[PDB]
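Chemist: Structure in C-alpha cells, see below.
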Amino acid sequence: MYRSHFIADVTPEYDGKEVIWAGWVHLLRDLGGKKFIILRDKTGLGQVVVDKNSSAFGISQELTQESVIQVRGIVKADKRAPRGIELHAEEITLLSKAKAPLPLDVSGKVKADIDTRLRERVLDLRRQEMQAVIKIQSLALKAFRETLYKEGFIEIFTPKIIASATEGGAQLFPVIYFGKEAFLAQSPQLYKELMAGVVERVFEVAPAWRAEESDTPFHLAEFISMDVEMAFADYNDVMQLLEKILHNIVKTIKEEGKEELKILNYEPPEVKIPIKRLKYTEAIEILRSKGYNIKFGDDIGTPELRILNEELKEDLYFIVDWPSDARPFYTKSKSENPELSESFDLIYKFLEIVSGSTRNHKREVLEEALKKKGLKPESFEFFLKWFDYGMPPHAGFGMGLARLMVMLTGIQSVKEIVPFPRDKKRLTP
Amino acid sequence: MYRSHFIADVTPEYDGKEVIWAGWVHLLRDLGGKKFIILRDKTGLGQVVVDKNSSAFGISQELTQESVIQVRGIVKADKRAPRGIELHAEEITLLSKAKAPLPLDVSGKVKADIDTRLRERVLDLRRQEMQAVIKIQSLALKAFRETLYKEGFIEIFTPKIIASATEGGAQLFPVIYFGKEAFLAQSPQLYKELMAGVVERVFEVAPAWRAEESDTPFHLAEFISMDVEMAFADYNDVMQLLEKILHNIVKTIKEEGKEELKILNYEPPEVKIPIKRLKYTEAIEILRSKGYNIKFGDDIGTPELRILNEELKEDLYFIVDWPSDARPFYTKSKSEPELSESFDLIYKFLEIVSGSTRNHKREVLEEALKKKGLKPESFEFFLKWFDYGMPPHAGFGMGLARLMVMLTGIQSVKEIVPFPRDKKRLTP
Ligand SMILES: [Cl-]
Ligand SMILES: [Cl-]
C-alpha cells in the first residue's frame, strides 16, 4: 500500500536494505547539517536521517509536525539508534500536509485541561500514552470474549431504545420515537435474562446511558457495559466465571500489552483466586469500629471504599450479600435471611467495577419484591409476563469497560480513557 | 449445580451411569404405561422416559411443556433413541412451573403472525430454528473479529449521541440530552475515520439508528452495524479485506455451525476469491442490454438488483465506481471524477456492505460540499480534523442482520433480530 514495512518490522538484520516507511512526522531536528525525522506509525517511533546531498533534503525542509509522509530509504544498523536502526532517506512524499503550528503537542507532555484537549482530541489521542490506552482496551475485550466462548457463552445484541424503565428512579434519556417518548436503555438487564431463558449462556458488550447530573469521577452519561447472564447458575457461579475472565484479561495485558504498560508505567494487580470476599455486614462493622456514622442498611460510598481498601490490604475484593432493600426487585433474596440478598459488587481499591446477582425466576416472588419497594406490579407487566412460561434460575453481572480500564492502566480519569466522552457539559466532539 | 452433563455430552459409553440433566420440557407423550419427556437445553433435545415403577412418576404426571426441570436418572443405550441414548429417570425436580396452555408452540412448526410471535418472543426464539440463528450470529461475530485481529485491527467504540448530522437530509432520532436536542448516530463514520487517523486500523460492532418511516423489507430503525476503517488503504485494499472476512465467516459457520445450517435447511454461498466486481457503468449497460428504462447516473435499486442477480450468474458481487454525485461528500472521486472510489457488496438482490476510499484533504472535502450544494461552515466539525494530518484511508460498514440473510437464508429481518425496532414496533 503506502509502505513495505511498519517501523517495528525492521531489525539490525536489515542493514543495507531498502525499506518504505509511512506515517506521521513526530519530531524534526537538525544537527550537523543533517535532518532527523522521528516518524510515527501504528507500531511506534522510528528515526529517519536525511543528509545534505540526498534528493529528499529539499522536501524534508518544508515538513511540519503531524504531516503524513511516505519515506523510501536504506536501513543502517547503529545501536545508538532506536531498536538499533535508522532509515537513511532517499525519497519522501507528502501525503497530507498539516497546518502549523500545532494547537496540541503530540510529543510535548500533557499541557492544558481535559476540555482544551477535547477540542484537539485526535492530536491528544495520538500521544503514546493514549495510543496505549486504546490498544489495551481492545485486548481487554478480546480476552473477555475468549474466556466466555470457552464456557460456551453466546454473544448477543439487545434493544437500546425501550418503552419504559426497568428500575423506576433511574433517569433515562428521552428519545422521540415515531411520536412517542421512548428512552435509552441503561443496561441490557431484562433482555439478557430473556435470552438466557432461551439459549442459557449470553454476553453483550455495548453502549448504555444514564441521565443524572452527578459530577463525581467516573460518571459519563454514555458508557460501554460488559454483560453476562448465565442460566442454572447463582451468584457464586458467576463470581467464579468473572474471576477467570479478569484473570485472562490481566494475563493478556501482561503478555500482549507489555510495551503499552511500559509506556504507562503501570502494572495491573494480580488476580488471586479466589478474590477476597467480604460480606456487607462485615464491611459495615469495619467501618463502625473505625468511628464512621454507618448503620446496617446504609450505602457504602467511595469515602467508605477508601477505608475498606486501606484496611483489607487487598486492592481487589468482592462486597457480597447486600441488603435486599438496596438491590433491584429482580435480585434473589437470601433463603436463610430475607433481609440480605444474593448480590455482589467487585471493587478495585475504591472503585466499583462490576455488579451482579442471583435473579428471581418466579412471577410471585418478583411481584412481591416490587410491592416491598412500593412499586405498582401492573406497571411492570412488560417484565413480569415472560416468567409465566418457564424462566430458569439464572444469574448475571455487568462490568463497566472504562472502570475496568482504571485497573488495567492506572489512569484515574474516565475522560482520559474514553476517547469521546459524553456528560452534562460534554457532547462534542 | 443443577446438572452434571449437557444432553449432547452423553454417549452410549455411558451405559448404566447416573447423569443429571437440567432443562425445558419440550414434549410430553404417554406410551405403553410409560411417560416420554423430550427434554431440551442449550445443546439440544434429549429423551427421558419415566416408568410407572418410578418415584419420579407422580411429579412426572403434573409437568407441563416449557417447565424447567432437573431429572436425575441412569443412561441406557438404545440407538433407536436420540444420539443412541435415553435417560431412565429416578428423581425429577421442578425448578420453574410454566402456565398451561402455551400461547405459542415451541415444539411445533409454528405458522403464526409476526406480531403474534413478538407478543411471545421468548417462546418463539426457543424454537430450534431461532436458536440456530442466534447461535450463527455469535459465530459470525467471532469470525469477523478473528480476521481483523490477524491484520492488526483495534476494537473501538464511538459516541452514539451526537450534536448534529454528517449526512444532511438524513433523518435521525432526537434525544433530549441535558436541555439540548441531540441525536442518535446512524453510523460511526466520522469517528472511525478519526480513530484510523490515530492508530490506523479500527473496527466497531455496535448499534446505529435511522428514523425514516420505511415500509420496505430490511429497514429496522435500530440495527447492528459492523464497521472497519483503515489508514493507508484505498477501496480495493478494503474490498480485499472484506472478502477475507466473509470467507472466514462462511467457513466458520460451515464448520462450527453444522447443526445450525442443518436445522435451517441452508447452505451459505461460496465466497469465491476474488468476488465479482461489476462497474456501475457496466451495470447500467447490462440493464439496458436487456429491456429496461434506466440511464447512466440513475440509482440501481432492488428491482434492478433482482435483474442483475440473474444476468451475472453470481450471487455475491460488488457494484463499484458509483457516480460521484450519488455518493457522500467524504467519498474520494476517481483520479481520471464523475465517478467515485466506492463499492456496494450485493447478495442476490440485497445490499450487504458499502464503503469507499475517503478524502483526507480539507480543500477537497469543502469543494465536495459546495458541489453538492451544502455550506462548508455547517460541516466544520467534520472538516477541522483534516487540518492536522489525516492520512489516506478507506473503510466500510456491513449490516449484521443483512449479512445474516446470507448466512441463514431467512428473508425477513424481523425473523433475524430478536427484539426488532421500527415505526410500529417498540415493545418488546
Ligand atoms: Cl431502567
Ligand atoms: Cl448522519
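For the C-alpha cells, the naming scheme is as follows: chains receive sequential letters (A, B, ...) according to their order of presentation, residues are indexed from 1 within each chain, and ligands are indexed from 1 in presentation order.
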Distance limit 7 Å, atoms considered: only C-alpha atoms. Which chain A residues sit that close to chain B? Return them as an NGL selection string.

Modeler: :A and (1-2 or 42 or 66-68 or 95-99 or 122 or 125-126 or 131 or 135 or 138 or 154-156 or 158-159 or 162-163 or 173-178 or 194 or 198-200 or 206 or 232 or 388-392 or 420 or 424 or 427-428)

Chemist: Which chains and residue numbers are within 7 Å of ligand 1, counting only C-alpha atoms and all ligand atoms, if I want them as a VMD selection string?

Modeler: chain A and resid 165 to 168 170 185 to 186

Chemist: Go through region 31-124 of chain B and collect every residue that DSSP, computed from the backbone, puts in strand (DSSP E or B); the answer should be as a PDB file with N, CA and C atoms, in the first residue's frame.

Modeler:
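Written out: states19.pdb:
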```pdb
ATOM      1  N   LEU B  31     -46.927 -43.538  26.362  1.00  0.00           N
ATOM      2  CA  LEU B  31     -46.936 -44.735  25.528  1.00  0.00           C
ATOM      3  C   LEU B  31     -46.568 -45.966  26.334  1.00  0.00           C
ATOM      4  N   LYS B  34     -45.826 -45.961  29.919  1.00  0.00           N
ATOM      5  CA  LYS B  34     -44.594 -45.207  30.130  1.00  0.00           C
ATOM      6  C   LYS B  34     -44.715 -43.735  29.729  1.00  0.00           C
ATOM      7  N   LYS B  35     -44.164 -42.830  30.547  1.00  0.00           N
ATOM      8  CA  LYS B  35     -44.117 -41.400  30.173  1.00  0.00           C
ATOM      9  C   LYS B  35     -42.861 -41.020  29.410  1.00  0.00           C
ATOM     10  N   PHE B  36     -43.055 -40.359  28.266  1.00  0.00           N
ATOM     11  CA  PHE B  36     -41.944 -39.822  27.460  1.00  0.00           C
ATOM     12  C   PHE B  36     -41.779 -38.292  27.598  1.00  0.00           C
ATOM     13  N   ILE B  37     -40.593 -37.872  28.039  1.00  0.00           N
ATOM     14  CA  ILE B  37     -40.269 -36.453  28.140  1.00  0.00           C
ATOM     15  C   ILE B  37     -39.144 -36.081  27.201  1.00  0.00           C
ATOM     16  N   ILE B  38     -39.472 -35.323  26.166  1.00  0.00           N
ATOM     17  CA  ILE B  38     -38.402 -34.700  25.417  1.00  0.00           C
ATOM     18  C   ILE B  38     -37.917 -33.467  26.163  1.00  0.00           C
ATOM     19  N   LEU B  39     -36.686 -33.555  26.629  1.00  0.00           N
ATOM     20  CA  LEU B  39     -36.033 -32.511  27.376  1.00  0.00           C
ATOM     21  C   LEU B  39     -35.225 -31.698  26.390  1.00  0.00           C
ATOM     22  N   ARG B  40     -35.080 -30.411  26.691  1.00  0.00           N
ATOM     23  CA  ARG B  40     -34.246 -29.514  25.894  1.00  0.00           C
ATOM     24  C   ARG B  40     -33.309 -28.697  26.780  1.00  0.00           C
ATOM     25  N   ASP B  41     -32.135 -28.362  26.234  1.00  0.00           N
ATOM     26  CA  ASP B  41     -31.212 -27.403  26.846  1.00  0.00           C
ATOM     27  C   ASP B  41     -30.374 -26.798  25.739  1.00  0.00           C
ATOM     28  N   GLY B  44     -29.286 -29.182  22.879  1.00  0.00           N
ATOM     29  CA  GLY B  44     -30.338 -29.696  22.021  1.00  0.00           C
ATOM     30  C   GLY B  44     -31.378 -30.525  22.741  1.00  0.00           C
ATOM     31  N   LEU B  45     -31.914 -31.515  22.033  1.00  0.00           N
ATOM     32  CA  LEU B  45     -33.022 -32.321  22.544  1.00  0.00           C
ATOM     33  C   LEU B  45     -32.607 -33.738  22.990  1.00  0.00           C
ATOM     34  N   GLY B  46     -33.093 -34.137  24.163  1.00  0.00           N
ATOM     35  CA  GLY B  46     -32.816 -35.446  24.742  1.00  0.00           C
ATOM     36  C   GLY B  46     -34.088 -36.173  25.160  1.00  0.00           C
ATOM     37  N   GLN B  47     -33.996 -37.494  25.335  1.00  0.00           N
ATOM     38  CA  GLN B  47     -35.184 -38.305  25.613  1.00  0.00           C
ATOM     39  C   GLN B  47     -35.126 -38.840  27.034  1.00  0.00           C
ATOM     40  N   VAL B  48     -36.088 -38.445  27.852  1.00  0.00           N
ATOM     41  CA  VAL B  48     -36.225 -39.092  29.134  1.00  0.00           C
ATOM     42  C   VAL B  48     -37.530 -39.895  29.162  1.00  0.00           C
ATOM     43  N   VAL B  49     -37.444 -41.062  29.796  1.00  0.00           N
ATOM     44  CA  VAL B  49     -38.593 -41.939  29.981  1.00  0.00           C
ATOM     45  C   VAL B  49     -38.753 -42.256  31.463  1.00  0.00           C
ATOM     46  N   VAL B  50     -39.990 -42.149  31.938  1.00  0.00           N
ATOM     47  CA  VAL B  50     -40.325 -42.449  33.330  1.00  0.00           C
ATOM     48  C   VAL B  50     -41.263 -43.663  33.436  1.00  0.00           C
ATOM     49  N   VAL B  68     -39.220 -25.857  33.512  1.00  0.00           N
ATOM     50  CA  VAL B  68     -37.808 -26.098  33.686  1.00  0.00           C
ATOM     51  C   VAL B  68     -37.692 -27.140  34.779  1.00  0.00           C
ATOM     52  N   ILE B  69     -37.009 -28.236  34.470  1.00  0.00           N
ATOM     53  CA  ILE B  69     -36.825 -29.316  35.428  1.00  0.00           C
ATOM     54  C   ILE B  69     -35.401 -29.850  35.498  1.00  0.00           C
ATOM     55  N   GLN B  70     -35.220 -30.666  36.533  1.00  0.00           N
ATOM     56  CA  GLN B  70     -33.999 -31.385  36.855  1.00  0.00           C
ATOM     57  C   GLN B  70     -34.373 -32.877  36.947  1.00  0.00           C
ATOM     58  N   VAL B  71     -33.691 -33.715  36.190  1.00  0.00           N
ATOM     59  CA  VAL B  71     -34.007 -35.123  36.162  1.00  0.00           C
ATOM     60  C   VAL B  71     -32.716 -35.852  36.423  1.00  0.00           C
ATOM     61  N   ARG B  72     -32.679 -36.538  37.556  1.00  0.00           N
ATOM     62  CA  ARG B  72     -31.595 -37.455  37.892  1.00  0.00           C
ATOM     63  C   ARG B  72     -32.017 -38.872  37.512  1.00  0.00           C
ATOM     64  N   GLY B  73     -31.239 -39.510  36.638  1.00  0.00           N
ATOM     65  CA  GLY B  73     -31.501 -40.876  36.219  1.00  0.00           C
ATOM     66  C   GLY B  73     -30.271 -41.615  35.724  1.00  0.00           C
ATOM     67  N   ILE B  74     -30.489 -42.775  35.105  1.00  0.00           N
ATOM     68  CA  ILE B  74     -29.401 -43.592  34.541  1.00  0.00           C
ATOM     69  C   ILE B  74     -29.499 -43.669  33.010  1.00  0.00           C
ATOM     70  N   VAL B  75     -28.362 -43.548  32.326  1.00  0.00           N
ATOM     71  CA  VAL B  75     -28.311 -43.678  30.861  1.00  0.00           C
ATOM     72  C   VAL B  75     -28.418 -45.144  30.428  1.00  0.00           C
ATOM     73  N   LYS B  76     -29.242 -45.399  29.415  1.00  0.00           N
ATOM     74  CA  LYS B  76     -29.287 -46.696  28.744  1.00  0.00           C
ATOM     75  C   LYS B  76     -29.132 -46.423  27.265  1.00  0.00           C
ATOM     76  N   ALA B  77     -28.316 -47.221  26.575  1.00  0.00           N
ATOM     77  CA  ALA B  77     -28.151 -47.076  25.121  1.00  0.00           C
ATOM     78  C   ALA B  77     -29.284 -47.780  24.390  1.00  0.00           C
ATOM     79  N   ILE B  85     -29.047 -42.757  22.851  1.00  0.00           N
ATOM     80  CA  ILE B  85     -29.263 -42.848  24.304  1.00  0.00           C
ATOM     81  C   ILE B  85     -30.561 -42.212  24.769  1.00  0.00           C
ATOM     82  N   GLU B  86     -30.986 -42.633  25.960  1.00  0.00           N
ATOM     83  CA  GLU B  86     -32.107 -42.047  26.678  1.00  0.00           C
ATOM     84  C   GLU B  86     -31.855 -42.118  28.181  1.00  0.00           C
ATOM     85  N   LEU B  87     -32.627 -41.359  28.947  1.00  0.00           N
ATOM     86  CA  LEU B  87     -32.434 -41.254  30.381  1.00  0.00           C
ATOM     87  C   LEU B  87     -33.611 -41.837  31.154  1.00  0.00           C
ATOM     88  N   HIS B  88     -33.376 -42.932  31.878  1.00  0.00           N
ATOM     89  CA  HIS B  88     -34.410 -43.521  32.727  1.00  0.00           C
ATOM     90  C   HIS B  88     -34.356 -42.821  34.069  1.00  0.00           C
ATOM     91  N   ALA B  89     -35.387 -42.036  34.355  1.00  0.00           N
ATOM     92  CA  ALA B  89     -35.353 -41.072  35.449  1.00  0.00           C
ATOM     93  C   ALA B  89     -35.637 -41.713  36.786  1.00  0.00           C
ATOM     94  N   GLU B  90     -34.911 -41.268  37.809  1.00  0.00           N
ATOM     95  CA  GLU B  90     -35.072 -41.763  39.168  1.00  0.00           C
ATOM     96  C   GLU B  90     -35.652 -40.679  40.056  1.00  0.00           C
ATOM     97  N   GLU B  91     -35.198 -39.440  39.849  1.00  0.00           N
ATOM     98  CA  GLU B  91     -35.774 -38.279  40.546  1.00  0.00           C
ATOM     99  C   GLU B  91     -36.057 -37.121  39.579  1.00  0.00           C
ATOM    100  N   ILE B  92     -37.163 -36.410  39.788  1.00  0.00           N
ATOM    101  CA  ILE B  92     -37.468 -35.230  38.975  1.00  0.00           C
ATOM    102  C   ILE B  92     -37.767 -34.044  39.876  1.00  0.00           C
ATOM    103  N   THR B  93     -36.999 -32.972  39.699  1.00  0.00           N
ATOM    104  CA  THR B  93     -37.174 -31.757  40.483  1.00  0.00           C
ATOM    105  C   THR B  93     -37.728 -30.668  39.565  1.00  0.00           C
ATOM    106  N   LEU B  94     -38.786 -30.010  40.032  1.00  0.00           N
ATOM    107  CA  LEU B  94     -39.472 -28.956  39.281  1.00  0.00           C
ATOM    108  C   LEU B  94     -38.885 -27.603  39.648  1.00  0.00           C
ATOM    109  N   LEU B  95     -38.063 -27.031  38.781  1.00  0.00           N
ATOM    110  CA  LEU B  95     -37.478 -25.721  39.088  1.00  0.00           C
ATOM    111  C   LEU B  95     -38.438 -24.544  38.840  1.00  0.00           C
ATOM    112  N   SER B  96     -39.016 -24.488  37.649  1.00  0.00           N
ATOM    113  CA  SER B  96     -39.906 -23.395  37.267  1.00  0.00           C
ATOM    114  C   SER B  96     -41.092 -24.024  36.575  1.00  0.00           C
TER     115      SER B  96
END
```

Chemist: Return as a ChimeraX atom specification the residues of protein, DNA or RNA that approach ligand 2 to within 6 Å, with only C-alpha atoms and all ligand atoms taken into account.

Modeler: /B:165-167,186

Chemist: Need the shell around residue 258 (chain A): protein/DNA/RNA residues with any atom at most 12 Å away, counting only C-alpha atoms. Skip same-chain ones fewer than 2 positions apart. Format as a PDB file with N, CA and C atoms, in the first residue's frame?

Modeler:
```pdb
ATOM      1  N   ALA A 132      -1.671   3.809  23.858  1.00  0.00           N
ATOM      2  CA  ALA A 132      -1.542   2.597  24.698  1.00  0.00           C
ATOM      3  C   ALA A 132      -2.872   2.213  25.358  1.00  0.00           C
ATOM      4  N   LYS A 135      -5.133   0.698  22.654  1.00  0.00           N
ATOM      5  CA  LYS A 135      -4.665  -0.673  22.422  1.00  0.00           C
ATOM      6  C   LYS A 135      -5.057  -1.668  23.511  1.00  0.00           C
ATOM      7  N   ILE A 136      -4.964  -1.260  24.771  1.00  0.00           N
ATOM      8  CA  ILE A 136      -5.235  -2.157  25.902  1.00  0.00           C
ATOM      9  C   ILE A 136      -6.709  -2.504  25.994  1.00  0.00           C
ATOM     10  N   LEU A 139      -7.551  -5.273  23.532  1.00  0.00           N
ATOM     11  CA  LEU A 139      -7.022  -6.528  24.026  1.00  0.00           C
ATOM     12  C   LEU A 139      -7.874  -6.950  25.187  1.00  0.00           C
ATOM     13  N   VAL A 250      -6.104  -9.588  32.711  1.00  0.00           N
ATOM     14  CA  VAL A 250      -4.813  -9.077  33.175  1.00  0.00           C
ATOM     15  C   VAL A 250      -3.630  -9.864  32.591  1.00  0.00           C
ATOM     16  N   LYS A 251      -3.807 -11.178  32.462  1.00  0.00           N
ATOM     17  CA  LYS A 251      -2.785 -12.005  31.816  1.00  0.00           C
ATOM     18  C   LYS A 251      -2.537 -11.588  30.365  1.00  0.00           C
ATOM     19  N   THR A 252      -3.595 -11.287  29.621  1.00  0.00           N
ATOM     20  CA  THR A 252      -3.403 -10.835  28.240  1.00  0.00           C
ATOM     21  C   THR A 252      -2.698  -9.475  28.160  1.00  0.00           C
ATOM     22  N   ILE A 253      -3.068  -8.561  29.051  1.00  0.00           N
ATOM     23  CA  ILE A 253      -2.469  -7.241  29.052  1.00  0.00           C
ATOM     24  C   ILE A 253      -0.984  -7.426  29.362  1.00  0.00           C
ATOM     25  N   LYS A 254      -0.677  -8.188  30.418  1.00  0.00           N
ATOM     26  CA  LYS A 254       0.721  -8.531  30.803  1.00  0.00           C
ATOM     27  C   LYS A 254       1.622  -9.156  29.733  1.00  0.00           C
ATOM     28  N   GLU A 255       1.062  -9.955  28.835  1.00  0.00           N
ATOM     29  CA  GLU A 255       1.840 -10.587  27.767  1.00  0.00           C
ATOM     30  C   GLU A 255       1.810  -9.848  26.437  1.00  0.00           C
ATOM     31  N   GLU A 256       0.619  -9.481  25.995  1.00  0.00           N
ATOM     32  CA  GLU A 256       0.413  -8.859  24.693  1.00  0.00           C
ATOM     33  C   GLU A 256       0.434  -7.326  24.743  1.00  0.00           C
ATOM     34  N   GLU A 260       2.816  -1.458  26.021  1.00  0.00           N
ATOM     35  CA  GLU A 260       1.817  -0.452  26.354  1.00  0.00           C
ATOM     36  C   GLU A 260       1.866  -0.135  27.841  1.00  0.00           C
ATOM     37  N   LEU A 261       1.944  -1.172  28.665  1.00  0.00           N
ATOM     38  CA  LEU A 261       2.151  -0.995  30.099  1.00  0.00           C
ATOM     39  C   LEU A 261       3.447  -0.234  30.442  1.00  0.00           C
ATOM     40  N   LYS A 262       4.484  -0.513  29.651  1.00  0.00           N
ATOM     41  CA  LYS A 262       5.770   0.158  29.764  1.00  0.00           C
ATOM     42  C   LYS A 262       5.572   1.667  29.547  1.00  0.00           C
ATOM     43  N   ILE A 263       5.000   2.055  28.412  1.00  0.00           N
ATOM     44  CA  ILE A 263       4.640   3.467  28.167  1.00  0.00           C
ATOM     45  C   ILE A 263       3.809   4.089  29.299  1.00  0.00           C
ATOM     46  N   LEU A 264       2.992   3.274  29.956  1.00  0.00           N
ATOM     47  CA  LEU A 264       2.109   3.723  31.031  1.00  0.00           C
ATOM     48  C   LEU A 264       2.694   3.717  32.469  1.00  0.00           C
ATOM     49  N   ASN A 265       3.888   3.142  32.625  1.00  0.00           N
ATOM     50  CA  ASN A 265       4.500   2.934  33.950  1.00  0.00           C
ATOM     51  C   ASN A 265       3.565   2.242  34.924  1.00  0.00           C
ATOM     52  N   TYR A 266       2.978   1.141  34.490  1.00  0.00           N
ATOM     53  CA  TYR A 266       1.859   0.585  35.231  1.00  0.00           C
ATOM     54  C   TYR A 266       1.888  -0.937  35.177  1.00  0.00           C
ATOM     55  N   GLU A 267       1.471  -1.545  36.279  1.00  0.00           N
ATOM     56  CA  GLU A 267       1.409  -2.993  36.422  1.00  0.00           C
ATOM     57  C   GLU A 267       0.033  -3.292  36.987  1.00  0.00           C
ATOM     58  N   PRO A 268      -0.849  -3.925  36.213  1.00  0.00           N
ATOM     59  CA  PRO A 268      -2.178  -4.297  36.729  1.00  0.00           C
ATOM     60  C   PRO A 268      -2.071  -5.252  37.922  1.00  0.00           C
ATOM     61  N   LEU A 408      -6.625  -1.586  34.589  1.00  0.00           N
ATOM     62  CA  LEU A 408      -5.661  -2.047  33.593  1.00  0.00           C
ATOM     63  C   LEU A 408      -4.645  -1.022  33.102  1.00  0.00           C
ATOM     64  N   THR A 409      -4.724   0.225  33.568  1.00  0.00           N
ATOM     65  CA  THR A 409      -3.824   1.258  33.046  1.00  0.00           C
ATOM     66  C   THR A 409      -3.256   2.164  34.119  1.00  0.00           C
TER      67      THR A 409
END
```

Chemist: Can you list every residue in region 50-279 of chain A that DSSP puts in helix (DSSP H, G or I), as number ranges by chain?

Modeler: A: 57-60, 82-84, 114-118, 121-125, 128-150, 189-199, 235-256, 258-264

Chemist: Report the distance between CA of residue 363 (chain B) and CA of residue 236 (chain B) in Å, rounded to one decimal place.

Modeler: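 One can read the CA of residue 363 (chain B) to CA of residue 236 (chain B) distance as 24.0 Å.
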
Chemist: Give me, please, the distance in Å between CA of residue 271 (chain A) and CA of residue 143 (chain A), quoted to one decimal.

Modeler: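 Those two atoms sit 14.4 Å apart.
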
Chemist: Go ahead and compute the interatomic distance for CA of residue 331 (chain B) and CA of residue 214 (chain B), in Å to one decimal.

Modeler: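 These two atoms are separated by 25.5 Å.
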
Chemist: Would you mind telling me which residue in B:187, B:412, B:324, B:265 lies nearest to residue 114 (chain B) when using only C-alpha atoms?

Modeler: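 Among the listed residues, the smallest separation from residue 114 (chain B) belongs to B:412.
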
Chemist: So that I can see what lies close to residue 10 (chain A), please list as an NGL selection string the residues with an atom at most 9 Å from it, counting only C-alpha atoms and leaving out residues fewer than 3 positions away in the same chain.

Modeler: :A and (5-7 or 13-14 or 19 or 75 or 83 or 85)

Chemist: For the selection you just gave me, I'd like the residues written to a file as a compact mmCIF listing (two decimals), in the first residue's frame, keeping C-alpha atoms.

Modeler:
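Contents of again-v4.txt, as written:
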```txt
# COMPACT_ATOMS: atom_id res chain seq x y z
CA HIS A 5 7.32 -2.23 6.39
CA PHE A 6 5.96 -0.95 9.66
CA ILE A 7 8.71 0.74 11.65
CA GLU A 13 19.45 -7.72 10.24
CA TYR A 14 18.15 -5.25 7.60
CA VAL A 19 12.53 -0.12 3.02
CA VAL A 75 18.37 0.76 6.55
CA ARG A 83 15.78 -0.66 18.16
CA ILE A 85 18.36 1.12 13.37
```

Chemist: Residue 11 (chain B): which residues within 8 Å, counting only C-alpha atoms, same-chain residues fewer than 3 positions away excluded, as a list in words?

Modeler: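 Once the adjacent positions are removed, what remains is residues 8, 14, 83, 84 and 85 of chain B.
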
Chemist: Now that the selection is made, can you save its residues with N, CA, C and O atoms as a PDB file, in the first residue's frame?

Modeler:
```
ATOM      1  N   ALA B   8     -25.954 -33.195  24.986  1.00  0.00           N
ATOM      2  CA  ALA B   8     -25.078 -33.603  23.892  1.00  0.00           C
ATOM      3  C   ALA B   8     -23.776 -34.278  24.342  1.00  0.00           C
ATOM      4  O   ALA B   8     -23.087 -34.900  23.537  1.00  0.00           O
ATOM      5  N   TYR B  14     -21.766 -44.544  28.189  1.00  0.00           N
ATOM      6  CA  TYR B  14     -22.260 -44.030  29.467  1.00  0.00           C
ATOM      7  C   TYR B  14     -23.232 -45.009  30.134  1.00  0.00           C
ATOM      8  O   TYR B  14     -23.744 -44.738  31.234  1.00  0.00           O
ATOM      9  N   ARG B  83     -29.167 -39.647  19.706  1.00  0.00           N
ATOM     10  CA  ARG B  83     -27.728 -39.830  19.970  1.00  0.00           C
ATOM     11  C   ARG B  83     -27.416 -41.213  20.548  1.00  0.00           C
ATOM     12  O   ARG B  83     -26.442 -41.390  21.291  1.00  0.00           O
ATOM     13  N   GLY B  84     -28.262 -42.178  20.184  1.00  0.00           N
ATOM     14  CA  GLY B  84     -28.197 -43.534  20.690  1.00  0.00           C
ATOM     15  C   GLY B  84     -28.359 -43.692  22.191  1.00  0.00           C
ATOM     16  O   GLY B  84     -27.845 -44.662  22.749  1.00  0.00           O
ATOM     17  N   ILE B  85     -29.047 -42.757  22.851  1.00  0.00           N
ATOM     18  CA  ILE B  85     -29.263 -42.848  24.304  1.00  0.00           C
ATOM     19  C   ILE B  85     -30.561 -42.212  24.769  1.00  0.00           C
ATOM     20  O   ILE B  85     -31.132 -41.358  24.081  1.00  0.00           O
TER      21      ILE B  85
END
```

Chemist: Taking into account only C-alpha atoms, which residue in the set B:398, B:112, B:369, B:63 is nearest to residue 330 (chain B)?

Modeler: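 Among the listed residues, B:369 lies closest to residue 330 (chain B).
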
Chemist: Pick from A:28, A:245, A:112, A:417: nearest to residue 137 (chain A), with only C-alpha atoms counted?

Modeler: A:417

Chemist: Could you name the residues that touch residue 106 (chain A) at 8 Å or less, counting only C-alpha atoms, but leaving out those on the same chain fewer than 4 positions away, as a ChimeraX atom specification?

Modeler: /A:26,123-124,126-127

Chemist: Can you pull out the residues contacting residue 151 (chain A)? Cut-off 12 Å, using only C-alpha atoms, and skip same-chain residues under 2 positions away; I want them as a ChimeraX atom specification.

Modeler: /A:144-149,153-155,200-203,228,230,238,240-242,244-245

Chemist: What does the file look like for those residues with C-alpha atoms, as a tab-separated table (two decimals), in the first residue's frame?

Modeler:
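Contents of the output file again_22.tsv:
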```tsv
chain	number	residue	atom	x	y	z
A	144	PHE	CA	-13.14	-11.05	27.77
A	145	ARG	CA	-14.87	-12.78	24.89
A	146	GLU	CA	-12.25	-15.55	24.63
A	147	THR	CA	-12.92	-16.74	28.20
A	148	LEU	CA	-16.64	-16.60	27.55
A	149	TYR	CA	-16.53	-18.62	24.30
A	153	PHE	CA	-21.32	-18.21	26.05
A	154	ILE	CA	-23.20	-16.79	23.02
A	155	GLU	CA	-22.73	-13.14	22.04
A	200	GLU	CA	-28.76	-20.30	28.59
A	201	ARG	CA	-25.41	-18.51	28.25
A	202	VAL	CA	-25.11	-14.99	26.82
A	203	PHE	CA	-22.95	-11.91	26.82
A	228	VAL	CA	-23.13	-11.71	31.18
A	230	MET	CA	-25.95	-17.47	32.93
A	238	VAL	CA	-20.82	-16.11	38.05
A	240	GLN	CA	-16.13	-17.61	39.72
A	241	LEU	CA	-16.69	-17.07	36.00
A	242	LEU	CA	-15.72	-13.40	36.35
A	244	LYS	CA	-11.47	-16.43	35.43
A	245	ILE	CA	-12.39	-13.65	32.95
```
